[PDB]
Every structure is written in C-alpha cells, then in structure tokens.
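Take a look at this single chain, the form deposited in one PDB entry, given in structure tokens.
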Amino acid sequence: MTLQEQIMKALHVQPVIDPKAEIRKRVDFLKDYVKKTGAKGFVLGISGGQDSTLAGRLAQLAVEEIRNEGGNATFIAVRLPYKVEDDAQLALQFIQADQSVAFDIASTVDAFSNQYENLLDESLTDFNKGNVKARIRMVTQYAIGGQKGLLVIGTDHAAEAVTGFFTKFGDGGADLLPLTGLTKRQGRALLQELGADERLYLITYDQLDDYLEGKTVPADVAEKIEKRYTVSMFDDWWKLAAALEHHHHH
C-alpha cells in the first residue's frame, strides 16, 4: 500500500461519503454504546467549534431516538467559558439539547493558577495554562457524567490531528469518539445535511483533507504531510512535542 492508503486505513477515512448514511451510522454508533455500557446518555462541552456542534447534534438525535423506541436517554450540553461567545450560543440553538448548563471554569482555573504561581514561584505560561483550562473542562464533563450516569463524548483525536497537524490543548480523553474517520470538510457536509446555520461551519485544512480523502495532491504537499506522519497514539506525541517546544522557546 502507498503511504497515503495506509494512513487512510489507519484513520478510517473514506474518499466518498453519503452524509445521510454517515449521520445514520454515527447516531447508531452512539445508541449502541449507550446500550452496551448501561449508561443513561451523554454529556458534551459545547464550544462553538465545528466538531462539538456536529457531535452535539448527533447526540441529541441519538437520545431522542432511544426515547422514541421506549428507552431512557438524556443529553446534557455544557458551555465551559473561562470568564467570557455567540458561536457557542448559536451552536446550542442548533443542537437543542435536553439540558444546557452554563459552567464558568474561571474560579477553578484561577484557584489552581494562583496556587501554582505561589508554590512554584513562577507564572504559568499561556500555553501551559491552555492545557490547564482544557483539562479542567474535562474534569467538569466527567463530574457531570459521573453524577448523571452519562458518557463523555470527545472531539479530539481528529484525523488531521493524528496526522500531526492542528493539535488541540488537553489530553483528548473521552468515553466515545463519534466523529472518528471524518475529515473537517466531511464534517462540514454532515452539518449541511443537518441544516445547521452556515455560520456554524464557515499546509492548510483543504490540502490536508484532500490528501486524507484519497485525492491527488501536488508532490510537495504529499511530501510535507507524509513527512510528519512518519515522524510519529500519534496525536499524543504531537501534544507532548508542542508542550516541550513552547517551554524551550519560552
């Protein structure tokens, strides 16, 4: 297999998808995991980002279907601002979750930061604080999940990230990853099919997504992408490398 074919197989990306069928398959994936684990539903942090907007809508459709089939399921969407968006609100209006919680993480993040800066006698850098915030957001989702018997839906470990590009803050841990196999642009296709407000979804992502979707791309573009894939979960390696690099050049 060409390296491109190996990558696609490893990331489960398909060259051509059927949006309606993708939504069907992923809503089923969610419904099946609920049944297998005995969970009462899902919880997800809604940031206004494309991934959580799509994953959130899929979760709402899933619990509605479960209830329609005579089962018990609930979806709790949680907004996790640090002090202070309209994108998040717009996403919540699209998702229409059973419960929408506004949980400011500032008092927790600041208590940690204040303790850290006092005990270690140094200031937390923007990058490391970025990871603290991401982790505190996960603490919040897992606390809600644990208190309500829900599964935490994750949006990290996206195809592009595993490849080595566009890495996110945080460790990416979650109970389920319903968007596995989709590129950023394919996700855009699902959101369109779901009727989301276009504003919710409107090397580069296009070049990278062309490559991941098995399309033909310039030799140099392929070289750059395969170069990073070979240097390398692959995603975790890039998260650690980023932390080390920022510390080094700080």
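Whichever C-alpha set is largest while still superposing within 1.5 Å between the two forms counts as the rigid core. Just count from 1 along the sequence shown to find any residue number.
Not on display, but discussed next: the form deposited in another entry.
- Only one candidate in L30, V217, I46, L190 has its Cα displaced by 2 Å or more between this form and the one not shown after core superposition: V217.
- Relative to the superposed rigid core, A158 undergoes a CA displacement of at least 2 Å between this form and the one not shown.
- If you fit the rigid core between this form and the one not shown, you'll see the Cα of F103 move by less than 2 angstroms.
- In the core-superposed comparison between this form and the one not shown, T74 has its Cα shifted by less than 2 Å.
- Here's the thing about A196 and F169: their CA atoms end up at least 3 Å farther apart in the other entry than they are in this form.
- Panel note: the distance between the CA atoms of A134 and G164 is smaller in the other entry than in this form, the difference being 3 Å or more.
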